[PDB]
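Take a look at the structure set out below.
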Amino acid sequence: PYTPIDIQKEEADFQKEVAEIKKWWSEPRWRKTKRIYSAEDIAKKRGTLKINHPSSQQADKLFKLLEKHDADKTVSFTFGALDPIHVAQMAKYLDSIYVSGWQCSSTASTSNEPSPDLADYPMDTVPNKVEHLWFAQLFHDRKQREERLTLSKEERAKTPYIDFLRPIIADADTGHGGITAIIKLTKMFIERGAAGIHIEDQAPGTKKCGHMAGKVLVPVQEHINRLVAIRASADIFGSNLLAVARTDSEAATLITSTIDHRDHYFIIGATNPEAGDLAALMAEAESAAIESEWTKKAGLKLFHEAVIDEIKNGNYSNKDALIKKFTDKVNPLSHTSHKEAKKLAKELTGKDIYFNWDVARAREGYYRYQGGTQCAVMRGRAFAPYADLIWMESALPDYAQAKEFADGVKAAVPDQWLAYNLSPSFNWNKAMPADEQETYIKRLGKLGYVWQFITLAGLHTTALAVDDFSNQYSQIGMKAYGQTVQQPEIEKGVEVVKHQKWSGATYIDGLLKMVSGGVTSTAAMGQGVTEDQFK
Amino acid sequence: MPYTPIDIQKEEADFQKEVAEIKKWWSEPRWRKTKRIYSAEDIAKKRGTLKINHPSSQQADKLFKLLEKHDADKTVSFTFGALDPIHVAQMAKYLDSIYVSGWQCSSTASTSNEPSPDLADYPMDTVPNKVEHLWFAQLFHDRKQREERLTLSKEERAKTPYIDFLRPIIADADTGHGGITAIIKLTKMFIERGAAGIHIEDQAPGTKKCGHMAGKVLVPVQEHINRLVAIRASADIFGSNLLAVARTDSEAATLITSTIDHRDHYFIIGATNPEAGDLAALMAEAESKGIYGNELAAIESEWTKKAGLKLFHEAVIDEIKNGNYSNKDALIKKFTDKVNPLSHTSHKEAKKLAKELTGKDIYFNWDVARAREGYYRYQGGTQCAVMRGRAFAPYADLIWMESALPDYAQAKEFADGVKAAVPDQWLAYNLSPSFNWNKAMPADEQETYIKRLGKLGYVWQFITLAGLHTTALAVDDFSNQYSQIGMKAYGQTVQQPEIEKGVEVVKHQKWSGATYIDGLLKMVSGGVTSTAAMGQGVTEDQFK
Amino acid sequence: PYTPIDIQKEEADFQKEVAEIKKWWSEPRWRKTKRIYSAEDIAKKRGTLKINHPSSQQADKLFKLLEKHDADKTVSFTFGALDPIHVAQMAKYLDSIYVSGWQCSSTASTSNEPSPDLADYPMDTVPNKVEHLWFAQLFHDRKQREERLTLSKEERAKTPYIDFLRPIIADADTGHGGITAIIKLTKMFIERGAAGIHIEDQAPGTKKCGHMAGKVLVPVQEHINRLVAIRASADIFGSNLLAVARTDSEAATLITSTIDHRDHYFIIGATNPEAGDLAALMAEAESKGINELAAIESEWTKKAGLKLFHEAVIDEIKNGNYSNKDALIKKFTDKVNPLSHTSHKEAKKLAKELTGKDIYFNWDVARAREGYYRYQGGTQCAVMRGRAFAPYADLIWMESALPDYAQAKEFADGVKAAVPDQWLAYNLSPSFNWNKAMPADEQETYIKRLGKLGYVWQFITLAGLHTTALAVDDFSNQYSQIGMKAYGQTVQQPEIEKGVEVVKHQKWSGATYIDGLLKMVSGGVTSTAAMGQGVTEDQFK
Ligand SMILES: [Mg+2]
Ligand SMILES: [Mg+2]
Ligand SMILES: [Mg+2]
């Protein structure tokens, strides 16, 4: 009625596996990777049947690729790919590939229902998009190998080689739920060909793009746990999957809890004892002008601003020197809890300086929050142990700020790889001249931004191209196609204009003949095909 | 308890009510030329207790009226193959219908994510899913735009231009992806997922080629008619005015699965030499003794010459020409006037006449010329295609002949040929990128080519693969620049051009429907919300 | 380059639609349904092309069905269906149908990756499961209509009728994210055949089954907004979709924020000023590499004196220098209680008036490490939340740890006191041991009895799972022991004797239906008929 098992061999295999994992973790890949669980803990989570996900090889390829870039102080630069066509053409020029959540929202949801970048498509949407590209890469790699190996050695060496298998880094948004969600999301990403995934310290289901407004953060620890959870998943299912940690704390103005000491410096509160709960005041009025009045009266600021203000406008003898006692101990990076910072302020001034961040809460319950670049450095440093790349969303393409953040992070973790969003949400001809544009990536490369991506480039290139042709098409008919697309395709290298070959027809005619004993009457690229018009 | 009771009288009453509703439906001007081989009774019996109205049907109506006006004005609804929501959103500005390509779906949109050349060997639901992809995008952007408009004043509305996102979609059904029951289910999906019209081809499934690949196998005329009937049956049951397009690949095809249909017989190639035996079996015997490769192809090329392959009428003409007959030119004409591409004369009948006219049983064997798979050999051209066009026309709102080149003469031949017998038949034309277009035509002719075909009655024309190629060019070009000149490439090649050409997407937060959703957010949160997506801070104030 | 439009006809059509919506909303269906937006607001959200989702007809069918049940004080009782087989057989006996999230987690995730009931499958999982059943219902309805209408009137009246089209109510869990998520989730449910969906006041990152532990709640308002969002979606895309509101506050011990005044009564805090932040104390002990840790918590908790603020006020008065104590509690309790919605500031203010202390109370310090606040719900908390949701919800539902009649009455009475016409729903959970919890005489009548209290819709959530699980395990066992005899004996004979339609499985699956479609298209006749001479179902006549 059941199956028997050798209990001794069980333990033996368990122990064997524990050791295999310990050896795995000791590899150079994990040199900077903090793990808070044991190899024992992980082995227990695995099954009796080992599975090897090819995605992991692309993780390795990605890591080595980034190693060399870091050493040479140069950049793996890429952008957001839409579809199999993109990755097939990109592979000629670029050495990694970005799958964008923003683009997936508009073009690739698994319910087919589009949206703005809110990560409210179904969870499997981006994982499915990776497989979309993954499998295309694999297919075109397979096609090209057949094309090559049916040539002579003499002919091979003439015909160029494309590396279709560029590693993919994919948007995991905020992880699409709790820890168990994130494990399952990571599992899918691994199964469907992800070399690396990135994940952001926003609250789920308030999730914004990045250069949208009203961004809510989560406690530092909560997002650490997310990164741990990714790693836990990758450890169980056995991928060297790269983890990227993103922070939206440059611009964010809200946060879900005050629970984490590291956040306290940045939590905004009311200095005026007389101010009551704004949330409840609005609720009673509703059952604006009253808000803008309450805010002025409430005197909102960060607690240290409040301490400095007390000392500045106070009966204190040696004021400049007394700020510095406080600021040297209490600052963005200093991780000083609020109780602790109040205690010091009392020692230095003799007041319990009043501060209430409960009353400034939004109606949803979020606490108010003043991040900038230094907050982002704080969170960068915190994530760094858990994350192979670190990434700070910025409202502009500002070199100074990028340096501030890079310097800030590397001061505490000098070997940390950084990543930068080259966002089309910026107007790029407004933000800098073209001479600077050309060198901007390179310059950030020096600061240690080893991976950079234009998130929405695939969207926009396609959008321009289709709108432009549609316009021509409407005006001058088939001349538009000859002129705007097909001639240009021939004159530039573009492989797709011979689209039967590109799509893998001669590859499949191979499979057809092979199965039919060498010969077949229904050959797809035999005499008659209309691609002899492209010779 | 154990079951549910029903009024048997109300049942019959509702049945009869529905039968009448269907009869009234079928009598509408839409179906004026639409042959149906079943009764309204037959269809009503197939329906359920719960009526469902698929919005796709409204787009069918929109498509039919749109094509009516084009036919009347002798002008063209011209479009191309859309890839994704971005395409349809931008296309809607300029074009009035939309093509979903099976070829493109094979490479970019299979539901198994496994790409291919155009063999229709992705899973059946692949193109139906692609339509819904675009359908739902159309619906979404229509919804977005209506909110944008209706939160403006009447004064402001009238300044801001309107896009009709809801352009009717015509989608590739390949060869129907199996039998009759398959085709019903495939059509059902297309209707449910937003298809205004679908097209379907007289090739055999699972030998299915692109139109401009080689080794194309046809099916009997009747078999493909049954396919079209099956589409109509499905659309009738589930209640769509779905347009049906019939395609024939018989211009170029050289094979066919059966000889069963008398209409095909004229075109079936056979051996005139009694001495020639079964080629198929001869090859098999040579292969089993380990003759392979080019020495084997020698045996075929020898057998073919010896076998004297031709069409039976060529054989009759040949007998008379090289024969002891007095009045030869006049004797061919007796035969050709009775027996020709359009004449539907069976082989038995054509042999009988040849015997009357010559006194021979002229030898003809098309079994021996069969391919190893069992297909019969077949010599179509434009006239064969006209034959099949005419046959399909009763069952098909548009008719479509795949061509190896963009040849005006041939297009006229086919149009004239079909309209002679069915003068009110709408035609459709593939403006294929499988043609080299600067090799085939000068540019002056290019500009007017669509218009000229419009005169002949090609009311719907499409570039099948244009979406593929525009995207392919664009991404390759930018990737190249990007690799050479960094972020300057984006400023220069994409984003500036986007601003200058007025392309809506460069403001991509708005385009994607952020302000639309902020609407929904505030509305639900009682007017106000702290997490507004397009509030103060959004970086699209850099595009004002 | 664009399309022109009549600006006047635009406004006219807009206004036309606004009116159509206003008329729609005034129908008897919406008699108890609070809306916080205007018909103007909704019309603006719609597109130029109206779409009619058949699911909405099943919503109507469900509402009328429940109306009659409420009036007759009887119950629409059902359970959790797995697959097309279930709905096809259920339709004979039952009048509605439940699609379970729990079951979907184990059997029907769209990633095919199973799990316990954590709602961490992809969002479209349950919506897809409804369509699974929806389309089966529609198919078998279509099959049966053909079977009937190819009989004579004489023969029809002999052969029984099955109503396959039983309305479906489906698990939306906690909505699978924010407001925009919930709209999109509802849209899918409508498109895929949902008559009604239910939704729970748990946090999404932490979603438990109803009878798992460690349940985190969200603020009352937050879950109201969820229900509003469902309604907003249904209004835009034009369904009379029923909304069910669930509360897990009977058993839950945690909550994400204190922001909502209604919750304050129930938020647990420390009465001892000396107790510091438990969260941070644990963190400091853990970072030095400390069951010995759980010792530090259990010590801190005893020392901290955790309770609800009113317990703290009552305790002060009881053990205090006060003259008229019983009477002084009642001054507080009459003003401050589970249903009274009294904020904490307000309740402290009153306690000061009544005792002259600022009675110390700190609920920040008792927070879990994740940041959740501690929370003591029971049935009265659930009534509080029931009442709050009722305006927004066609049915109200309180998860319970046992099948206790008294508790069910407490909750029903409690809710109906303030909203007497509110329909209620009850989980008849297999998470209960049912032969341990009551005798069989009571079992038989338990549904009926709850029907009296106004529980008009009741469901066994996991019954489909368990019936199947028993059946397959039992047969597999027999099969393994006595071969094909097991099938003759355990399944196929019983199928014949019990009249189960599926044993003639070719007919049941709709073969004769499709042969119809085949012949019809082929001009009346076809050589490849599936149920022609040769089919081996003449062995079942
Ligand atoms: Mg993104
Ligand atoms: Mg195609
Ligand atoms: Mg459930």
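Identifiers for the structure tokens are assigned positionally: chains receive A, B, ... in sequence, residues are indexed from 1 per chain, and ligands are indexed from 1 in the order shown.
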
| query | Counting only C-alpha atoms and all ligand atoms, which protein, DNA or RNA residues come within 9 Å of ligand 1, given as a VMD selection string? | reply | chain A and resid 99 to 105 117 to 119 170 to 173 208 to 210 455 to 456

| request: Enumerate residues in contact with ligand 2: an atom-to-atom distance of at most 9 Å, counting only C-alpha atoms and all ligand atoms. Format the result as number ranges by chain. | output: B: 81, 100-106, 118-120, 171-174, 210-211, 464-465

Using only C-alpha atoms and all ligand atoms, find each residue of chain C with at least one atom at most 7 Å away from an atom of ligand 3; report its shortest atom-to-atom pair and that distance in Å (one decimal), sort the rows by chain and rising residue number, and return the result as CSV.
```
residue,atom,partner,partner_atom_place_in_ligand_line,distance
C:100,CA,ligand 3,1 (Mg),5.1
C:101,CA,ligand 3,1 (Mg),3.9
C:102,CA,ligand 3,1 (Mg),4.1
C:117,CA,ligand 3,1 (Mg),6.5
C:171,CA,ligand 3,1 (Mg),6.0
C:173,CA,ligand 3,1 (Mg),6.5
C:209,CA,ligand 3,1 (Mg),6.0
```

What residues in stretch 324-419 of chain A get the DSSP label strand (DSSP E)? Please answer as a PDB file with C-alpha atoms, in the first residue's frame.
```pdb
ATOM      1  CA  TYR A 367       3.434  57.894   7.566  1.00  0.00           C
ATOM      2  CA  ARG A 368       5.050  60.932   5.943  1.00  0.00           C
ATOM      3  CA  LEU A 389      23.374  45.201  -7.927  1.00  0.00           C
ATOM      4  CA  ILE A 390      22.055  48.395  -6.355  1.00  0.00           C
ATOM      5  CA  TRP A 391      19.835  50.918  -8.078  1.00  0.00           C
ATOM      6  CA  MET A 392      18.437  54.333  -7.152  1.00  0.00           C
ATOM      7  CA  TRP A 417      28.029  46.913  -8.383  1.00  0.00           C
ATOM      8  CA  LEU A 418      25.605  49.711  -9.254  1.00  0.00           C
ATOM      9  CA  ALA A 419      22.859  50.021 -11.870  1.00  0.00           C
TER      10      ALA A 419
END
```

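Each of C:54, C:127, C:122, C:371 was compared to chain B using only C-alpha atoms, and C:54 turns out to be the nearest.
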
Could you build a table of the residues in stretch 105-196 of chain A lying no more than 12 Å from stretch 216-230 of chain A, giving for each the nearest pair of atoms and their separation in Å rounded to one decimal place, using only C-alpha atoms, ordered by chain and ascending residue number, as CSV?
```
residue,atom,partner,partner_atom,distance
A:172,CA,A:230,CA,10.1
A:173,CA,A:226,CA,11.2
A:174,CA,A:226,CA,8.5
A:175,CA,A:226,CA,7.4
A:176,CA,A:226,CA,10.5
A:177,CA,A:226,CA,9.7
A:178,CA,A:226,CA,8.1
A:179,CA,A:229,CA,6.1
A:180,CA,A:229,CA,7.9
A:181,CA,A:229,CA,9.3
A:182,CA,A:230,CA,6.4
A:183,CA,A:230,CA,5.8
A:184,CA,A:230,CA,9.0
A:185,CA,A:230,CA,8.5
A:186,CA,A:230,CA,5.9
A:187,CA,A:230,CA,8.6
A:188,CA,A:230,CA,11.2
A:189,CA,A:230,CA,10.2
A:190,CA,A:230,CA,10.4
A:196,CA,A:230,CA,10.4
```

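Comparing B:455, B:141, B:130, B:23 by their smallest distance to chain C, the closest is B:141 (using only C-alpha atoms).
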
| request: Give as JSON, numbers by chain every residue of chain B that touches chain C within 8 Å, counting only C-alpha atoms. | output: {"B": [1, 2, 3, 4, 5, 6, 8, 37, 38, 42, 45, 46, 47, 48, 49, 50, 51, 52, 53, 54, 55, 93, 94, 139, 140, 142, 143, 144, 146, 147, 150, 151, 154, 157, 158, 161, 162, 163, 164, 180, 181, 226, 229, 230, 233, 516, 517, 520, 521, 523, 524, 525, 526]}

Proximity of stretch 454-526 of chain B to stretch 413-418 of chain B: per-residue shortest pair, 8 Å limit, only C-alpha atoms, as CSV:
```
residue,atom,partner,partner_atom,distance
B:456,CA,B:415,CA,6.3
B:457,CA,B:415,CA,7.1
B:458,CA,B:415,CA,8.0
```

Atoms kept (N, CA, C and O atoms) for selection, written as a PDB file, in the first residue's frame:
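And here's result-v5.pdb as it stands now:
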```pdb
ATOM      1  N   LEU B 456     -10.187  47.538 -59.909  1.00  0.00           N
ATOM      2  CA  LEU B 456     -10.549  46.189 -60.334  1.00  0.00           C
ATOM      3  C   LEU B 456     -11.471  45.522 -59.316  1.00  0.00           C
ATOM      4  O   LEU B 456     -12.128  44.526 -59.621  1.00  0.00           O
ATOM      5  N   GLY B 457     -11.516  46.079 -58.110  1.00  0.00           N
ATOM      6  CA  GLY B 457     -12.498  45.671 -57.110  1.00  0.00           C
ATOM      7  C   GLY B 457     -11.863  45.009 -55.901  1.00  0.00           C
ATOM      8  O   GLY B 457     -12.546  44.361 -55.109  1.00  0.00           O
ATOM      9  N   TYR B 458     -10.551  45.177 -55.755  1.00  0.00           N
ATOM     10  CA  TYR B 458      -9.852  44.743 -54.552  1.00  0.00           C
ATOM     11  C   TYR B 458     -10.068  45.738 -53.415  1.00  0.00           C
ATOM     12  O   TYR B 458      -9.286  46.673 -53.231  1.00  0.00           O
TER      13      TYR B 458
END
```

Polymer residues at most 12 Å from residue C:269, only C-alpha atoms, same-chain spacing of 5 or more positions, as a PDB file with C-alpha atoms, in the first residue's frame:
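Output saved as selection.pdb:
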```
ATOM      1  CA  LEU C 254      -3.052  41.533  13.994  1.00  0.00           C
ATOM      2  CA  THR C 258      -4.410  52.046  13.635  1.00  0.00           C
ATOM      3  CA  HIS C 264      -9.287  51.470  18.123  1.00  0.00           C
ATOM      4  CA  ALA C 275       7.940  48.059  28.909  1.00  0.00           C
ATOM      5  CA  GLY C 276      10.007  49.123  25.902  1.00  0.00           C
ATOM      6  CA  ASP C 277       9.707  48.208  22.232  1.00  0.00           C
ATOM      7  CA  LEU C 278       9.386  44.418  22.044  1.00  0.00           C
ATOM      8  CA  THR C 301       4.587  40.049  27.532  1.00  0.00           C
ATOM      9  CA  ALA C 304       3.973  44.511  29.694  1.00  0.00           C
ATOM     10  CA  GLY C 305       0.420  43.713  30.816  1.00  0.00           C
ATOM     11  CA  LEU C 306      -1.207  43.648  27.390  1.00  0.00           C
ATOM     12  CA  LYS C 307      -4.929  44.367  27.125  1.00  0.00           C
ATOM     13  CA  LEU C 308      -7.587  46.485  25.428  1.00  0.00           C
ATOM     14  CA  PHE C 309      -7.809  50.065  26.631  1.00  0.00           C
ATOM     15  CA  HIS C 310     -11.265  49.596  28.149  1.00  0.00           C
ATOM     16  CA  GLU C 311     -10.080  46.562  30.108  1.00  0.00           C
ATOM     17  CA  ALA C 312      -7.406  48.962  31.353  1.00  0.00           C
ATOM     18  CA  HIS C 344      -8.827  56.255  21.379  1.00  0.00           C
ATOM     19  CA  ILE C 359      -4.378  55.884  32.086  1.00  0.00           C
ATOM     20  CA  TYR C 360      -1.219  54.701  30.338  1.00  0.00           C
ATOM     21  CA  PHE C 361      -1.630  52.743  27.103  1.00  0.00           C
ATOM     22  CA  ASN C 362       0.967  52.051  24.415  1.00  0.00           C
ATOM     23  CA  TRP C 363       0.131  49.871  21.414  1.00  0.00           C
ATOM     24  CA  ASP C 364       3.253  50.864  19.469  1.00  0.00           C
ATOM     25  CA  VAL C 365       5.453  48.852  21.801  1.00  0.00           C
ATOM     26  CA  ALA C 366       3.450  45.643  21.347  1.00  0.00           C
ATOM     27  CA  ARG C 367       3.962  45.688  17.574  1.00  0.00           C
ATOM     28  CA  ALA C 368       5.216  42.619  15.732  1.00  0.00           C
ATOM     29  CA  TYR C 373      -0.343  46.193  15.551  1.00  0.00           C
ATOM     30  CA  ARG C 374      -1.889  43.679  17.950  1.00  0.00           C
ATOM     31  CA  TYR C 375      -5.629  43.151  17.744  1.00  0.00           C
ATOM     32  CA  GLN C 376      -8.309  41.366  19.771  1.00  0.00           C
TER      33      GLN C 376
END
```

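With distances restricted to only C-alpha atoms, B:491 is the closest residue to chain A from B:274, B:128, B:491, B:179.
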
| task | From a DSSP calculation on the backbone, collect every residue of stretch 339-420 of chain A in alpha helix (DSSP H) and output the set as a VMD selection string. | result | chain A and resid 339 to 349 373 to 383 399 to 410

Just-selected residues, C-alpha atoms written as an mmCIF file, in the first residue's frame:
```cif
data_model
loop_
_atom_site.group_PDB
_atom_site.id
_atom_site.type_symbol
_atom_site.label_atom_id
_atom_site.label_comp_id
_atom_site.auth_asym_id
_atom_site.auth_seq_id
_atom_site.Cartn_x
_atom_site.Cartn_y
_atom_site.Cartn_z
ATOM 1 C CA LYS A 339 13.899 57.364 21.189
ATOM 2 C CA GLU A 340 17.703 57.499 21.067
ATOM 3 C CA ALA A 341 17.752 60.811 19.176
ATOM 4 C CA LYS A 342 15.256 62.383 21.567
ATOM 5 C CA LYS A 343 17.339 61.159 24.508
ATOM 6 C CA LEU A 344 20.392 62.927 23.073
ATOM 7 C CA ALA A 345 18.411 66.077 22.297
ATOM 8 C CA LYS A 346 17.309 66.138 25.938
ATOM 9 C CA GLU A 347 20.923 65.791 27.082
ATOM 10 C CA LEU A 348 21.963 68.639 24.786
ATOM 11 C CA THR A 349 19.073 71.067 25.365
ATOM 12 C CA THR A 373 19.863 60.790 -2.174
ATOM 13 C CA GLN A 374 21.276 60.279 1.312
ATOM 14 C CA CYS A 375 18.231 58.262 2.364
ATOM 15 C CA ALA A 376 18.825 56.202 -0.772
ATOM 16 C CA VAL A 377 22.457 55.655 0.193
ATOM 17 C CA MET A 378 21.290 54.525 3.622
ATOM 18 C CA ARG A 379 19.040 51.943 1.977
ATOM 19 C CA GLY A 380 21.600 51.026 -0.672
ATOM 20 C CA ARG A 381 24.090 50.152 2.055
ATOM 21 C CA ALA A 382 21.421 48.158 3.880
ATOM 22 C CA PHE A 383 20.489 46.129 0.799
ATOM 23 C CA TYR A 399 25.582 63.372 -12.944
ATOM 24 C CA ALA A 400 26.241 65.007 -9.570
ATOM 25 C CA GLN A 401 23.434 63.065 -7.886
ATOM 26 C CA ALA A 402 24.583 59.798 -9.464
ATOM 27 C CA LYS A 403 28.072 60.452 -8.103
ATOM 28 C CA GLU A 404 26.685 61.358 -4.684
ATOM 29 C CA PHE A 405 24.863 58.023 -4.528
ATOM 30 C CA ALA A 406 27.736 55.971 -5.946
ATOM 31 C CA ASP A 407 30.339 57.555 -3.670
ATOM 32 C CA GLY A 408 27.952 57.283 -0.724
ATOM 33 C CA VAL A 409 27.357 53.566 -1.189
ATOM 34 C CA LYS A 410 30.897 52.564 -2.121
#
```
